[PDB]
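Scroll down for the structure; my scribbles are underneath it.
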Ligand SMILES: Nc1nc2c(ncn2[C@@H]2O[C@H](COP(=O)(O)OP(=O)(O)OP(=O)(O)O)[C@@H](O)[C@H]2O)c(=O)[nH]1
Ligand SMILES: Nc1nc2c(ncn2[C@@H]2O[C@H](COP(=O)(O)OP(=O)(O)OP(=O)(O)O)[C@@H](O)[C@H]2O)c(=O)[nH]1
C-alpha cells in the first residue's frame, strides 16, 4: 500500500535507529511490549501502522526493518535493551569481524558472505509488501564499516531493482574534525562508487548539531541521546506526510522528481526551525513568519556553509501542526522580496510547500518542548562546493605521500580506484561551478 | 473402513514408532494409562480413533502396529518404559541375536525362523481389519540390522497380497557422513532387491534435519527426541486426511496412482514448510503465500539435491488447518509463473492439492509451534540421480578391491548378485536420464 | 464478510482472536471440551435409548 | 530559594556548586539534582559527633545471544529459548553465583 523498508548498516546507524523507533512507538502509542491497550486497532495489518509496522495475526506491531552490524557488541546491547520482544529476531543480522575502517576490507573480505542473508531478508519482505515505495538506508561516511558493505548492498539493490526510490541520510565527515585519518580515503571511495546509483543523499554534521545545542537548547553538555533524538524527529517529520493526512500532500517520489535539477547533483541540506526548550516555548511564542526567518537564518542550518557565499536554487518547506495558508504564502512572498537572499535565474518557482495538520509530538523526559507549529526545510544551493574543495586539498597530500595505501594493497587492492576517485570528484566540483555560473 | 497397519522392523523403526505413537495418543486424548475418566468417546469401536485403534470389550485403545526386532535390549527398555502396559503384550516380537550389518545374516540365518510368527500376527490382525488400505513400513537402508529382514518380509507380503498397498519411508544414508563402510553393500543389495516390489519409497537425511534444526528451530545440540518428533509430525500430517474430514480429501491410493510416472522410478522427497519455534510463531506471521515460498525454498529439503541440478515432474500439497482455495490457487499460479522452477513438458500441471480443516497439534515438552496453517510437501523431481551416481562410485572402488567379502562368503554369499546390482543401478540411472530427456 | 466489506473501499481479512484459542484448547492430557448427555423428545419419545 | 532554588534562571552568569560529577543533561533538572547533592553532603559531614540485570528477564533471551553466562554447553538437548529460560532459573540453584 504505502510503506517503506528500513535498513541500518552499522556502528553509525544503531543508536539513531534506536531513538527513531522509540519515538515511533511512543507517537503511535505502541506499548514497548508490542500490543495495543484495550483500544481496538489490531487487525489485518491495515491501519496507521500499515505504513511502518507489520502488525500481523500475532497482534504485535513488527517493524519492517533490518539492522546489519559487523561487530556484535552494540547489537547485543540493543537486544539487551527493552524493545527486544518488539523487534524481529533474525532481522538483527550480526557478524563476528569488523571492517577495520578499510573501505576494501568492508567491501571485499567480509561483506560478500553476508549479502546473501541480507538479500534473503529483503526479498522475504518484498514478497509480502505491495506498495514498496522505497527504502530508508542509514549509514555514514566517517564509518569504519558503514562505508563498504553499504556500497555493496546498494549495488545489489540497484542492479536488481531500478523501480523504487533510494533515500540516504548521512552524518557527514566533520570539515575540520577527523576522528579517523582513513576517513578521507574511504569517504571519497564511497562517494565515487555511489554517485551513479544514489537517488537522494542528504547530509548533516555533528559539530553544527552541537552548536545548535548550546545556542538555543541551552545545553552546553548534550549527548548522543539528544543528537539521535533530533535526527529521529527530523525523519519523523519527513515521514509525517505518509503517516497522517492533510490539505495538500507530497511524497518522497515528488521530493526526488522536484528537488534535484540534473543528473549527478542530488545532495541537498535540511533544517528544523523551532528548536527550543520547555520554558522557552512556555513564555515565548512561535509563529509562521519567525519560523521562516529562523529556518533561513544562516547559522541555523546544520552544515558550515554560508548562503551568502552561495546561491539558492531549490526549497521544499514542510509545515506540520495547525496553520493557515495565508500567512504561509505571504511570508514566502516577503522572503522572495528579501534582498540578502540569492536565487539563480532557473528557478522563478522554487518553493514546494506541504502542510500536515497534526502537531509534532514530544518524548517524555526529553529536551524539546510542546510544539504548535513545526517545519522541516529541505534546500538545495550551490554553496556546498567548498566542502568538497576542502576534501580534495586534504586527500591530495596523502596521495602525494602514498600514505596508508599499504593496508589496502596488502589486503589486495590497486591504484586504479584511488586515481579514478580524484577526477570523479573533480568532475563533480567543475559541474558545480558550471551550473552556478550563468 | 479407513484403517491401516503399521510395521516397525528394526532397532530404528521401533523407537520412532514409540515416538510417533506418543504423538498419536495425545490428539485423541488417549492417556498413558489408556483409559479416559467418565467421559465417552467409546461406541461400536467405530469413530475417529478407529483408524489406528480398535478399542475392544475392555476399553483399551490397541495400536494397529507391529514391532519386530532382533536384539532384545530396546524391546526390553520399551517393555519397562512408560507405554508397555498399553502396548499389546506379545505383539512386541523380540529376538536374541543381531544381524551384524550383514544383509545375508538377516536374510539367510535369522529371518527365516521368525517370519512365521510375524506373518501369523499380521494375519490375526488382518482378519479383524475390514478396510485395510495398507501398510506403513519403517525400515532403514543402512539399518544396523533391519535391511535384510525387511527385504524378506516385504517380498513375501507383496507376493501373497498383490492387490493391497505398500508405502515405504526410510532414513537414507548420508552423502558424506559415515557410520558403516559396509553401508553401500546392503544399500545396493536392498535396492536391487526392492525396486521391483516397492510401490513408493521416501528418503530423508539426519544431517538435513539437523541443519534445519540449527538454522531455524535454533537447536544447537539436538537429538532425535527433536528430530523423531519432527518425522512423527510428518507422518501425522500425511495421515490427517485419513483421520479427519473436510472440503476435499486425499488418499494413499491417489498417491500411488498420481505421484509416480513410470514403473521402477517411485522415489519422491518430503518436506515440512512451517518448521518454527516458540517465539518465532508467537510474534511473527504465517500465511499460505510465504509458507509455500518457504516450502519451495531449495534448502528446506531433507536430502541434499539441488533443484537447479534437477527438474520437477510432480508435487503434492497437504494444506492442514485454516486455508482456503482462492489463496491456494493464487499462490500456486504465482509459483508456476515464477521461472526458477523448470517443469518438464510432460505434465502441463504438476500439482495435487489436498485440504483439511483441523489444525495440527503441539506436544508437551516439544519444539513445534501453535501453528494454524501447516503444509506437507511431497514432490518428485530429477535432482536425485546425482546421489545414485554418488553411491555407485562410492561402491565401485571398494568392490574392485573387495574389502570384507570374506565375511559374506563365510556366511554363504557369492558374487553374482553383487555383480547384478550395479547394472540394476545403471538401469535406474539411464532411466532417469531418458525420462529427463526431451 | 459482508461486514468486512462494510468498512471502507478496500477489503481487509479479519479472523478469530487467537488469544482465546491458546488459553482455551485441549493440550496434553487436559481436555477443554465438556460433554452433556440427554434424551431426544418428540410427541411420544421412542428412541429414548440413544 | 528566595526566588527559586529548583532553578537558577537560565543563562546564569553566576556559578553553582557541584559542577563536575552528575552533568550532561538539560539545565533545570541539573540545578535541582545538584542542589540536592549540596544539602546531602552538607548533612553527611554534619553527622554531629556520631561517637558522642535486564539483559535477562522472565522468559530468557532472544536467539543468537553471545557472552558466556555459566554452563550452557555442558548441558544441552533443548530449544535455545527453553535452554535460556531454564538457565534463567537454574542460575539461582546450582550456578547461583550469578548476581
Ligand atoms: N553515524 C554516527 N556517527 C557517530 C556517532 N557518534 C560518533 N560518530 C562518528 O561516526 C563514526 C563511526 O564510524 P565507524 O566507527 O567507522 O563505524 P563502522 O564503520 O560502522 O564500524 P566501527 O568502526 O567498528 O564502529 C565515528 O568516527 C564518529 O566520529 C553516532 O551516533 N552516529
Ligand atoms: N528410529 C530410531 N533411530 C535411531 C535411534 N537411535 C539412533 N537411531 C538411528 O538409527 C539409524 C541406524 O540404525 P541401525 O544401526 O542400522 O540399527 P539396526 O540395524 O536396526 O540394529 P541395532 O544393532 O540395534 O542398531 C541411524 O541413522 C540413527 O539415526 C532410535 O532410538 N530410533
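Chains as they are written, first to last, in full-length UniProt numbering: chain V, 1 to 438; chain A, 1 to 438; chain R, 401 to 450; chain P, 210 to 261, 273 to 319. Beta carbons: idealized from backbone N, C-alpha and C, even for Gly.
| Query | Result |
| --- | --- |
| The region 177-186 of chain A touching the region 209-220 of chain A, judged by at least three CB pairs closer than 8 angstroms | no |
| Identified DSSP bridge partners for residue 437 of chain R | For residue 437 of chain R, which the question treats as bridged, DSSP gives no partner whatsoever. |
| Contacting positions in the region 112-141 of chain V - beta carbon closer than 8 angstroms to chain R | none |
| Contact between the region 14-33 of chain V and the region 83-94 of chain V (3+ Cβ pairs under 8 angstroms) | yes |
| Chain A contacts made by the region 37-52 of chain V, where a contact means CB separation under 9 angstroms | 45 |
| Cβ of residue 437 of chain R within 8 angstroms of any chain V Cβ | no |
| Strand pairing of residue 271 of chain A, partner residues [DSSP] | A:377 |
| Chain A residues whose Cβ lies nearer than 8 angstroms to that of residue 85 of chain V | 283 |
| Within-8 angstroms CB hit, residue 402 of chain R to chain A | no |
| Pair within 8 angstroms by beta-carbon distance, residue 291 of chain A and residue 273 of chain A | yes |
| Cβ-Cβ distance between residue 126 of chain A and residue 411 of chain A below 8 angstroms | no |
| Bridge partner(s) assigned by DSSP for residue 169 of chain A | A:138, A:202 |
| Distance between residue 437 of chain R and residue 446 of chain R (C-alpha atoms, nearest Å) | 17 angstroms |
| Whole-number beta carbon distance between residue 170 of chain V and residue 202 of chain V, since they are thought to touch under 8 angstroms | 7 angstroms |
| Residue 319 of chain A versus A:407, A:360, A:81, A:420, residue with shortest Cα-Cα distance | A:360 |
| For residue 269 of chain P, the first and last residue of its enclosing beta strand (DSSP E) | Examination of chain P shows a numbering gap from 261 to 273; residue 269 of chain P is inside it and therefore has no coordinates. |
| Close-in-space but distant-in-sequence residues of the same chain around residue 358 of chain A (CB under 6 angstroms, 5 per side omitted) | 244 |
| Option nearest residue 255 of chain V by Cα separation, candidates V:314, V:293, V:231, V:327 | V:314 |
| Heavy atom of ligand 1 within 7 angstroms of residue 180 of chain V beta-carbon | yes |
| Beta-carbon neighbours of residue 57 of chain V, restricted to chain R and to distances below 8 angstroms | 415, 418 |
| Beta-carbon spacing of residue 199 of chain A, residue 139 of chain A below 8 angstroms | no |
| Span of the alpha helix (DSSP H), counted from its first residue to its last, around residue 283 of chain V | 278-283 |
| Same chain, Cβ closer than 6 angstroms to residue 439 of chain R, five either side skipped, listed in chain order | 448 |
| Rounded C-alpha distance that separates residue 91 of chain A from residue 62 of chain A | 11 angstroms |
| Min CB distance residue 289 of chain A to chain V below 8 angstroms | yes |
| Contacts that residue 442 of chain R makes with chain V (C-beta to C-beta distance below 8 angstroms) | The contacting residues do not exist; residue 442 of chain R stays about 46 angstroms from chain V at best. |
| Nearest neighbour of residue 55 of chain V, chosen from A:286, A:137, A:307 [CA to CA] | A:286 |
| Beta-carbon neighbours of residue 428 of chain R, restricted to chain A and to distances below 8 angstroms | 26, 364 |
| Check: residue 211 of chain V C-beta below 7 angstroms from any heavy atom of ligand 1 | no |
| Rounded separation between residue 448 of chain A and residue 119 of chain V - CA only | Lying before the first or after the last residue shown, residue 448 of chain A is absent from chain A, which here runs from 1 to 438. |
| Chain A contact for residue 226 of chain P (CB, 8 angstroms cutoff) | no |
| Segment contact, 8 angstroms Cβ cut-off, at least three pairs: the region 409-416 of chain R with the region 2-14 of chain A | no |
| Exposure label - residue 328 of chain V; buried when at least 16 CB within 10 Å | buried |
| Assigned exposure category for residue 133 of chain A - 16 Cβ within 10 Å defines buried | buried |
| Contact check, residue 289 of chain P vs residue 79 of chain V, beta carbons under 8 angstroms | no |
| Test item: CB-CB of residue 380 of chain A and residue 298 of chain A under 8 angstroms | no |
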